[PDB]
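# based on what follows, work out the 3D shape:
(chains A and B)
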Amino acid sequence: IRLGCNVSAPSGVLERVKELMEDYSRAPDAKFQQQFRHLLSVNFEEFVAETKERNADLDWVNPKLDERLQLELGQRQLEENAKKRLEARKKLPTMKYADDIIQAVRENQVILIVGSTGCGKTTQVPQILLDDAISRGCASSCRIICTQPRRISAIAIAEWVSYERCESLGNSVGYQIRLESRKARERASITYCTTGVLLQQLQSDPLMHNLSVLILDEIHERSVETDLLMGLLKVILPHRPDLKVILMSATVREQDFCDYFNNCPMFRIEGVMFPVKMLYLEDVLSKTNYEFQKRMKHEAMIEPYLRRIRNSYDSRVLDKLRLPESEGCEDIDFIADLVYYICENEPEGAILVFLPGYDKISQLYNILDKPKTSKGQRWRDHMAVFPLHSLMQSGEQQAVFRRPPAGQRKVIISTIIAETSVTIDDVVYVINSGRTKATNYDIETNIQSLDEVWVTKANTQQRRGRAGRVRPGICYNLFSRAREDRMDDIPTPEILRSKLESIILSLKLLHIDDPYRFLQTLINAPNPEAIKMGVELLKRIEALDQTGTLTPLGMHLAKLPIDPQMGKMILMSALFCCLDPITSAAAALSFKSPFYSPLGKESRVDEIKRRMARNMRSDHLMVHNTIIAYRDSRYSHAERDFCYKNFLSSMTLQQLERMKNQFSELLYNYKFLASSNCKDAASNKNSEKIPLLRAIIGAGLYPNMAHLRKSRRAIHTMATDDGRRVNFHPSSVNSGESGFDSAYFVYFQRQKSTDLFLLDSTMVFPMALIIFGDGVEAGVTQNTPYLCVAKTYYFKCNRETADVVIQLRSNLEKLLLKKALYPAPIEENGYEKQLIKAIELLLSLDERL
DNA sequence: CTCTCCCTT
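Residues are numbered from 1 along each chain as shown, chains lettered A, B, ... in the order given. Take a look at the structure below.
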C-alpha cells in the first residue's frame, strides 16, 4: 500500500462544514413519487391493460374526413400534376407489386419486403399502403411510421415522398428526428423518423397504440436500435392483434428476418441500377501490370486458388497474387497506379477509393497531390482530389458532391463513411481496398481496441453499388477472389459490441424487468457476461438497488436521451448549479467533438485546442470554452470567420447547443430546474468555479481514473485505476503537457491502438473524487492516518477531516435519494442548499492560487 | 504523437 498527497482540511473550514451539515441536519407535492411507486407495483398483465386505456386515440375515426380524402384523392387523379407522377411512379419495380403487398398486409400481421437500391420500397410502400386506405374510405384510421437508421435519410426521403404527392412538407408526409420535426397531419399520414425516435416514444406508448402500420427500414444493417425494436415486437404484437408491420431489408442475410418472425411472407423486389462490373486482384494486375517492391497463413489461402485459374491469367499475374502485400492497401503506390490507369483509359466519371483510416487516406493524398513518379506529375493537375472523413470538413461543403471543372476528374479518398451515410452521385469507378478499421471489445481484459480488418461480403456488395448511380461503372477489388471466400457474411451485429447499461435500464420503463430473459430472444443474443457487467454498473451508480430493481434516480436516467453516467452528471449540475458547463461536457461525449482535423493542419489544430482549453487541462471543459466562444461569434456576426480560424464545424456546434437546450428542458420538466434555459443565471451561479466543474465531471465519469507519475512535449507514465499503462491520446489537449495541478484524471473512453490511449480527459482533485465516489474508508496504514477512494488511491489525511468528509458523504447520499423521489430545485436560501455550500467550500480549497 | 461509423417523445 502506497501513500499519496495530504487532503486534510484547515480547522476554520472543517468548523464551518460542521456548521452547515448540521443546518441541513435540522430540516423537516410529488406526483413523481406516486408514478415511480406505481411502475414497480404493477405486474405485466396490468401494465398492458392500463396503457391500452391511456392511448385510446385511434379507436375514433372521422368519416367526414374519410369521405373528404377519398373524394380529394379520386379528384386530384384527373388533374394534370399527378398522372405523370402516377405514371412515372409505375416505372419503379415496387409498383408492379402494389396489389400483392396490400393483400399480404391484410392477410398477415408481419411481412418482409426484400429489395435492393432503387426498387422504391422506401418511397413507394408507404404511399401504396396509405392510398389503399384513403380509397377504401378508411383514411382517418391510417397512420404510418417508417423508421430509418440515419437522420439524413429520414429527412431526404420525407422531402422526396412529399414532392411526389404534390404537397409541402408537413401535410401527409412528415419527418421526425431528435430535436427537429416537420410533423405530418394527425391522421392519414406518413412520418419518417429515426429508429431512436420511436424507441423513446415507446415510454409513453409501449404497445404502439398510436400507429396503424410500422415499417422498419434497413433492418439488414443490424443497427442496435432495429434489433432491439424487432425483439420488442415479439413481446408487443401478441397484444396488438390489429397492428401491421412491414419489415424492409436489402438482400443481405434476408432469410434471418424471415426466420426470426415465424416463417412470415417474403417479397423480393428486383432492383434498378446501372450494372457495375466486378474486378478482383487478378483482374487488376492483368490490366495495369503493376510491379511490387520498396505470416503465411497467406500462402495457405492463395495457393489453392492459383491452381483452379492457372490458365485464365498470365503466370506473372498469378505470381504477383502470392505476395502478402498485393491485397488490401499495403502498397499505396499500387492504388495510385490504378487511379492513374483509370484516368488514362476509361470514360469520364469520378473515382471512389475506399481506404481503412486517416493515416492511409493521408498517404494516398500526398502521393496524388505531390507525386514523385513521372506518371503522377503528369496527372496531378488533372485530378480534383477530396479526402472524405468524418473528422474532415469535406463532407460539410458542396464541393465533393458537385462535378469537377472541365478537363479534371474527381477523385475521392474515403473511409467507410461514403458506403452509406454520404452519397456521391457522379462516381462511376470504385476502388475497394477491402480493409477498414473496427472497434473490438475484449470482455476479459476490458480493453476496447480499434484494429484494421478485412471488410465483409456485405461491405463489398454495398461499395459496388456506389458506382452504379449514374452510368455503368466499375468496382475494382484489391483482394483476390480467394480472399472474399474467407470474408464474413456481414459485420458483427451492432448489439454484440455495445455497452448494455443504457438498454438494460430503458427496458425497465417498458416493464421488461429481467434483461437476461428478453435480450436473449433477439436475432443475436448478446454475451450474458456483458449484461451482468452492465447491470453491475447500474448498481454501482445507484440507478438499480442490490436486488436489481429500478431506483428513483434510475427511473430518471432511463427517461433521458443520454447514457446513464452522464445523465447523472447532468442531474448533479442541476443541484450544484453548474448546468451550462456540464451539459456541454455531457453532450460532447454523447455526440462528438466540434473540431475538424483537416489534412496537414494537425499540429495547428492541437494549438487551437490548447488555446481553447485555456490551460484548464480538461478536454470536456475545452469543448465548453469553444461553445462560449461560438455564442459570442454569433453575437459578433463573425460566425464563419470564427469557425474557419479554429477549424470548427458550425453544423456540429449547433447540434451540441440543441442537445444542451434539450437537457435543460427535460430537467425543467422533471422539476430539477427553475428555468428551461441552460444559460439561466440562477441555474449557473457556480458555473465559474473550476474545482466544482471538475467535481461533477468526476461524479459523472467515475470510476474511470488515471494516475500520472512522470516528467520531461514531455514523457508520461500514467496508469489507469486497474494498473494498465495508458497515455493521453494525441488529440487530447493533455498529450505532452507538463506541470499539472493534479496527477489524477477522469476519462470517458479508453482505447488501444498503437498504445493504450485515453481519448479525452479531465484533471480532478483528490478531495472531489472522495466526496462523490465510493469505496471511501479511513484508517492507518503504517503510522500514517489515511483516506482512500475505491480501495485503490489511499491519501494521507488527518482524523478531524476524515470524520467530517465521511459524515459529509452520508448527508450527500441522503439528499440525492430524497431529490430523486421528490423532485424540486434546491432552494437558494433553504436547508438543502446548506449542504451544497458545504461541498462548494471544501472543493474550493484546491483552487489555483 | 493519432483519429471506423450510426444515434436517442
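# need the residues of the stretch 301-450 of chain A near DNA strand B, please.
Neighbours of DNA strand B within the stretch 301-450 of chain A, by C-beta under 7 Å from any atom of the strand: A:356-359, A:389-391, A:415-417, A:421-422, A:436-439, A:450. C-beta coordinates here come from the backbone N, C-alpha and C atoms, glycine included.
# rerun at 6 Å
Counting by C-beta under 6 Å from any atom of the strand, the residues of the stretch 301-450 of chain A lying close to DNA strand B are A:357-359, A:389-391, A:415-417, A:421, A:437-439, A:450.
# mind checking which of those are buried?
A:357, A:358, A:389, A:391, A:415, A:416, A:417, A:437, A:438 (16 or more other C-beta atoms under 10 Å).
# test my guess that the second one contacts residue A:389.
Yes. Taking C-beta atoms under 8 Å as the contact criterion, residue A:358 and residue A:389 are neighbours in contact, 6.1 Å apart.
# partners of the host helix or strand of residue A:112, with directions?
Taking DSSP states H and E as the criterion, residue A:112 maps to strand A:110-115. The pairing partners recorded for strand A:110-115 under DSSP bridges are strand A:244-249 (parallel), strand A:266-269 (parallel).
# distance from the shortest one to the middle of the chain?
Just to be clear, that refers to strand A:266-269. Centroid displacement of strand A:266-269 relative to its chain, using C-alpha atoms, centre = their mean, to the nearest Å, is 31 Å.
# mind listing residues that contact the next helix or strand after that strand?
Downstream of strand A:266-269, the first helix or strand assigned by DSSP H and E is strand A:276-279. Applying C-beta atoms under 8 Å, 6 or more residues apart in numbering, the external contacts of strand A:276-279 come out as A:287, A:430, A:464, A:465, A:467, A:468, A:472, A:473, A:474, A:475, A:476, A:477.
# and the furthest pair within those?
A:287 and A:465 (22.3 Å; C-beta to C-beta).
# compare these two (neighbour count), which wins?
Of the pair residue A:287 and residue A:465, residue A:465 is the one with more neighbours under other C-beta atoms under 10 Å, namely 21 against 14.
# one step back: let's see which of the buried ones among the residues of the stretch 301-450 of chain A next to DNA strand B end up in strands.
A:437, A:438 (DSSP state E).
# of the buried ones among the residues of the stretch 301-450 of chain A next to DNA strand B, which belong to helices?
Of those, the ones assigned to helices by DSSP state H are residue A:358.
# among the buried ones among the residues of the stretch 301-450 of chain A next to DNA strand B, which two are most distant?
A:391 and A:438 (17.0 Å).
# just the closest residue of the stretch 301-450 of chain A to DNA strand B, please.
Nearest to DNA strand B, among the residues of the stretch 301-450 of chain A, is residue A:357, at 2.5 Å (C-beta to the nearest atom of the strand).
# for that residue, phi and psi?
Main-chain torsions, residue A:357, degrees, to the nearest 10: phi -150, psi -180.
# export the contacts of strand A:276-279 to JSON lines and tack on secondary structure?
Listed next are these as JSON lines, based on DSSP: H, G, I helix; E, B strand; the rest coil:
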{"residue": "A:287", "secondary structure": "helix"}
{"residue": "A:430", "secondary structure": "strand"}
{"residue": "A:464", "secondary structure": "helix"}
{"residue": "A:465", "secondary structure": "helix"}
{"residue": "A:467", "secondary structure": "coil"}
{"residue": "A:468", "secondary structure": "coil"}
{"residue": "A:472", "secondary structure": "coil"}
{"residue": "A:473", "secondary structure": "strand"}
{"residue": "A:474", "secondary structure": "strand"}
{"residue": "A:475", "secondary structure": "strand"}
{"residue": "A:476", "secondary structure": "strand"}
{"residue": "A:477", "secondary structure": "strand"}
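# what sits against residue A:48?
A:207, A:239.
# so it versus DNA strand B, what's the distance?
Look at residue A:48 and DNA strand B: by C-beta to the nearest atom of the strand, to the nearest Å, they are 18 Å apart.
# now swap in residue A:530 and tell me
From residue A:530 across to DNA strand B, the span is 17 Å (C-beta to the nearest atom of the strand).
# the longest helix anywhere in chain A - contacts with which helices or strands?
In chain A, assigned by DSSP H, the helix with the most residues is helix A:799-821. Judged by 3 or more C-beta pairs under 8 Å, 6 or more residues apart in numbering; DSSP states H and E, the packing partners of helix A:799-821 are helix A:11-24, helix A:31-41, helix A:552-558, helix A:766-772, strand A:778-780, strand A:785-789, helix A:831-844.
# now do residue A:668 against DNA strand B, distance only.
14 Å.
# what's the angle from the longest helix of chain A to helix A:831-844?
130 degrees (axes from the mean of the first three to the mean of the last three C-alpha atoms, to 10 degrees).
# surely residue A:489 meets residue A:256?
No. With contacts counted by C-beta under 8 Å, residue A:489 stays clear of residue A:256, the gap being 9.7 Å.
# quick one: which of the two has more around it?
residue A:256 (17 against 10).
# how about the more buried one, secondary structure?
Criterion first, three-state DSSP; result for residue A:256: helix.
# could you find the closest non-adjacent residue to it?
In this structure, residue A:256 finds its nearest non-sequential neighbour in residue A:523, 6.0 Å apart by C-beta to C-beta, 6 or more residues apart in numbering.
# kindly report the same for residue A:815.
residue A:835 (5.9 Å).
# thought that neighbour was touching residue A:810?
No. The criterion here is C-beta under 8 Å, and residue A:835 misses it with residue A:810 at 10.6 Å.
# of the two, give the one with the bigger neighbour count.
Each of residue A:835 and residue A:810 has its neighbours counted (other C-beta under 10 Å); residue A:835 has more, 23 against 10.
# so who does that one touch?
If a contact means C-beta under 8 Å, 6+ apart, then residue A:835 has A:20, A:21, A:24, A:811, A:812, A:815 as its contacts.
# do the same with residue A:320
Listed by C-beta under 8 Å, 6+ apart, the contact set of residue A:320 reads A:285, A:291, A:292, A:326.
# re earlier: give me the contacts around the longest helix of chain A.
Contacts for helix A:799-821 (C-beta under 8 Å, 6+ apart): A:7-9, A:11, A:14, A:17-18, A:21, A:24-25, A:30, A:32-33, A:36, A:542, A:551-553, A:555-556, A:575, A:672, A:767, A:770-772, A:776, A:778, A:785, A:787, A:797, A:826, A:832, A:835, A:838-839, A:842.
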